[PDB]
Structure formats: C-alpha cells, structure tokens
file query-v3.cif (mmCIF, C-alpha atoms)
data_structure
#
loop_
_atom_site.group_PDB
_atom_site.id
_atom_site.type_symbol
_atom_site.label_atom_id
_atom_site.label_comp_id
_atom_site.auth_asym_id
_atom_site.auth_seq_id
_atom_site.Cartn_x
_atom_site.Cartn_y
_atom_site.Cartn_z
ATOM 1 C CA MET A 1 12.257 -24.503 -3.027
ATOM 2 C CA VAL A 2 9.070 -22.436 -3.090
ATOM 3 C CA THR A 3 10.217 -18.822 -3.378
ATOM 4 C CA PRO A 4 8.945 -17.412 -0.041
ATOM 5 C CA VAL A 5 7.946 -13.746 -0.242
ATOM 6 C CA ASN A 6 7.311 -13.407 3.501
ATOM 7 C CA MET A 7 7.555 -15.432 6.707
ATOM 8 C CA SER A 8 3.828 -15.094 7.475
ATOM 9 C CA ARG A 9 0.968 -15.108 4.983
ATOM 10 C CA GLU A 10 -1.005 -12.723 7.179
ATOM 11 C CA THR A 11 1.475 -10.100 5.942
ATOM 12 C CA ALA A 12 0.358 -11.174 2.507
ATOM 13 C CA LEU A 13 -3.399 -11.651 2.874
ATOM 14 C CA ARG A 14 -3.429 -8.075 4.219
ATOM 15 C CA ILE A 15 -1.505 -6.338 1.426
ATOM 16 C CA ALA A 16 -4.302 -7.490 -0.891
ATOM 17 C CA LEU A 17 -7.190 -6.372 1.296
ATOM 18 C CA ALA A 18 -6.019 -2.810 0.728
ATOM 19 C CA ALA A 19 -6.838 -3.169 -2.975
ATOM 20 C CA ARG A 20 -10.418 -2.852 -1.713
ATOM 21 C CA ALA A 21 -9.639 0.458 0.010
ATOM 22 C CA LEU A 22 -9.234 1.603 -3.573
ATOM 23 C CA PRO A 23 -11.973 1.924 -6.274
ATOM 24 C CA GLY A 24 -10.606 -0.046 -9.263
ATOM 25 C CA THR A 25 -6.902 -0.096 -8.370
ATOM 26 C CA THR A 26 -5.589 -3.653 -8.271
ATOM 27 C CA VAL A 27 -3.295 -5.088 -5.604
ATOM 28 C CA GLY A 28 -0.167 -5.444 -7.716
ATOM 29 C CA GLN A 29 -0.973 -2.032 -9.225
ATOM 30 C CA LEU A 30 -0.244 0.026 -6.099
ATOM 31 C CA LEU A 31 2.878 -1.917 -5.058
ATOM 32 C CA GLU A 32 4.707 -2.113 -8.398
ATOM 33 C CA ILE A 33 5.137 1.645 -7.934
ATOM 34 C CA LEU A 34 8.244 0.842 -5.885
ATOM 35 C CA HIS A 35 9.697 0.035 -9.304
ATOM 36 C CA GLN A 36 13.043 -1.741 -8.932
ATOM 37 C CA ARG A 37 13.315 -4.479 -11.551
ATOM 38 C CA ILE A 38 14.519 -7.152 -9.123
ATOM 39 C CA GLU A 39 11.705 -8.731 -7.117
ATOM 40 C CA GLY A 40 13.107 -9.634 -3.698
ATOM 41 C CA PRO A 41 10.929 -10.315 -0.599
ATOM 42 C CA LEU A 42 8.481 -7.525 0.275
ATOM 43 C CA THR A 43 8.887 -7.181 4.044
ATOM 44 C CA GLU A 44 7.037 -4.866 6.420
ATOM 45 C CA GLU A 45 9.955 -2.428 6.355
ATOM 46 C CA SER A 46 10.231 -2.438 2.566
ATOM 47 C CA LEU A 47 6.762 -0.919 2.248
ATOM 48 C CA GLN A 48 7.740 1.774 4.755
ATOM 49 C CA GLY A 49 9.981 3.678 2.347
ATOM 50 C CA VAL A 50 7.525 5.703 0.245
ATOM 51 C CA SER A 51 4.994 8.500 0.898
ATOM 52 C CA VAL A 52 1.234 8.635 0.282
ATOM 53 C CA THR A 53 1.746 11.075 -2.603
ATOM 54 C CA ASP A 54 3.811 8.402 -4.359
ATOM 55 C CA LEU A 55 0.925 5.920 -4.352
ATOM 56 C CA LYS A 56 -1.845 7.878 -6.120
ATOM 57 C CA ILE A 57 0.646 9.200 -8.676
ATOM 58 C CA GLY A 58 1.980 5.673 -9.100
ATOM 59 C CA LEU A 59 -1.206 4.491 -10.815
ATOM 60 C CA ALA A 60 -1.800 7.517 -13.030
ATOM 61 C CA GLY A 61 1.955 8.156 -13.140
ATOM 62 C CA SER A 62 1.728 11.950 -12.754
ATOM 63 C CA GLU A 63 0.135 13.962 -9.968
ATOM 64 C CA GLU A 64 -1.039 16.106 -12.864
ATOM 65 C CA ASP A 65 -3.737 13.735 -14.175
ATOM 66 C CA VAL A 66 -4.398 11.800 -10.952
ATOM 67 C CA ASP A 67 -7.366 14.155 -10.634
ATOM 68 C CA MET A 68 -9.135 12.021 -13.245
ATOM 69 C CA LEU A 69 -8.075 8.850 -11.439
ATOM 70 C CA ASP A 70 -11.053 7.312 -9.638
ATOM 71 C CA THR A 71 -8.662 6.985 -6.704
ATOM 72 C CA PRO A 72 -9.611 9.806 -4.235
ATOM 73 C CA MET A 73 -7.279 11.377 -1.644
ATOM 74 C CA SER A 74 -8.649 9.368 1.288
ATOM 75 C CA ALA A 75 -8.246 5.904 -0.227
ATOM 76 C CA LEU A 76 -4.476 6.192 -0.034
ATOM 77 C CA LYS A 77 -4.622 7.022 3.662
ATOM 78 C CA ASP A 78 -6.779 3.925 3.979
ATOM 79 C CA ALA A 79 -4.591 1.583 1.928
ATOM 80 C CA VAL A 80 -1.152 3.066 2.744
ATOM 81 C CA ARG A 81 -2.083 1.977 6.265
ATOM 82 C CA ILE A 82 -2.976 -1.650 5.618
ATOM 83 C CA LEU A 83 0.431 -2.308 3.958
ATOM 84 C CA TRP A 84 2.266 -0.144 6.495
ATOM 85 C CA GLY A 85 1.568 -3.062 8.842
ATOM 86 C CA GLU A 86 -0.518 -0.879 11.167
ATOM 87 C CA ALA A 87 -3.832 -1.915 9.592
ATOM 88 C CA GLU A 88 -5.052 -2.292 13.182
ATOM 89 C CA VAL A 89 -6.703 0.797 14.663
ATOM 90 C CA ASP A 90 -4.837 2.843 17.273
ATOM 91 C CA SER A 91 -6.233 4.254 20.520
ATOM 92 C CA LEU A 92 -9.834 5.399 20.973
ATOM 93 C CA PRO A 93 -11.102 8.562 19.158
ATOM 94 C CA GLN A 94 -11.194 10.765 22.262
ATOM 95 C CA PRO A 95 -7.807 11.394 24.009
ATOM 96 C CA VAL A 96 -7.410 8.893 26.847
#
call {"tool": "encode", "arguments": {"input": "query-v3.cif", "output": "structure tokens"}}
result
Amino acid sequence: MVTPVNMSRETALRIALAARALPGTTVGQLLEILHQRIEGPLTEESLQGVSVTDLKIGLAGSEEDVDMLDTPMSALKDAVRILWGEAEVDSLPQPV
C-alpha cells in the first residue's frame, strides 16, 4: 500500500503552490476548510464544490474578522484558481 491521494503528483505539487498566492496562509490551512472528518482522495472535482467566500472565511472562520486577516480579497481569486485545476491562463487579454 501507499495511500495514494491522487493519480498524478502534478495535481499535488500545484495545490501547494497556491499557498504562495496567500500571505501567511499555509497549504493545509486553506483546504481543511472543506471540513469532513474522513480524509478520502482530494480529486480535481472535489475542490470544485466551494466558493471563494468560503476560503477567506475558512482561515479566520468568520467573514466578520477576516478583515484583520492578512489574506486580501485578490489572493483567493489567485489561489482558488490554482486548486480549481485551471491554474493555466486562459485566452489573451484582448478579445480574440
């Protein structure tokens, strides 16, 4: 055995790069928000089940004090992306 969390590590290596998109928020600090005692494998679809507002409030716990949280309102958009599995940029700025 080995307890495989995902089929590809790239799905892994990326979920931890996001941690950077955040000031002092750790990797396992923005994911744990999903709660759910049981662990289970964190697939690409699993992550796509929450909203941005859930992330920032997940660290502080309440959207009431998040204001004091070093985490801004643009870091989530940054991170929430990397785990979404769309980390890659879309089309070009201007409309093609």
call {"tool": "residues_around", "arguments": {"input": "query-v3.cif", "residues": "stretch 53-65 of chain A", "least_positions_apart": "6", "cutoff": "9 Å", "atoms": "all atoms listed in the file", "output": "list in words"}}
result
residues 25, 29, 30, 31, 32, 33, 34, 71, 72, 73, 75, 76 and 80 of chain A
call {"tool": "resolve_selection", "arguments": {"input": "query-v3.cif", "expression": "the PyMOL selection byres ((chain A and resi 2-9) around 7)", "output": "ChimeraX atom specification"}}
result
/A:1,10-13,41-43
call {"tool": "atom_distance", "arguments": {"input": "query-v3.cif", "atom1": "atom CA of residue A:81", "atom2": "atom CA of residue A:93"}}
result
17.1 Å
call {"tool": "atom_distance", "arguments": {"input": "query-v3.cif", "atom1": "atom CA of residue A:52", "atom2": "atom CA of residue A:94"}}
result
25.3 Å
call {"tool": "closest_residue", "arguments": {"input": "query-v3.cif", "among": "A:38, A:96, A:89, A:27", "to": "residue A:15", "atoms": "only C-alpha atoms"}}
result
A:27
call {"tool": "atom_distance", "arguments": {"input": "query-v3.cif", "atom1": "atom CA of residue A:18", "atom2": "atom CA of residue A:78"}}
result
7.5 Å
call {"tool": "closest_residue", "arguments": {"input": "query-v3.cif", "among": "A:83, A:66, A:16, A:37", "to": "residue A:49", "atoms": "all atoms listed in the file"}}
result
A:83
call {"tool": "closest_residue", "arguments": {"input": "query-v3.cif", "among": "A:77, A:84, A:44, A:92", "to": "residue A:22", "atoms": "all atoms listed in the file"}}
result
A:77
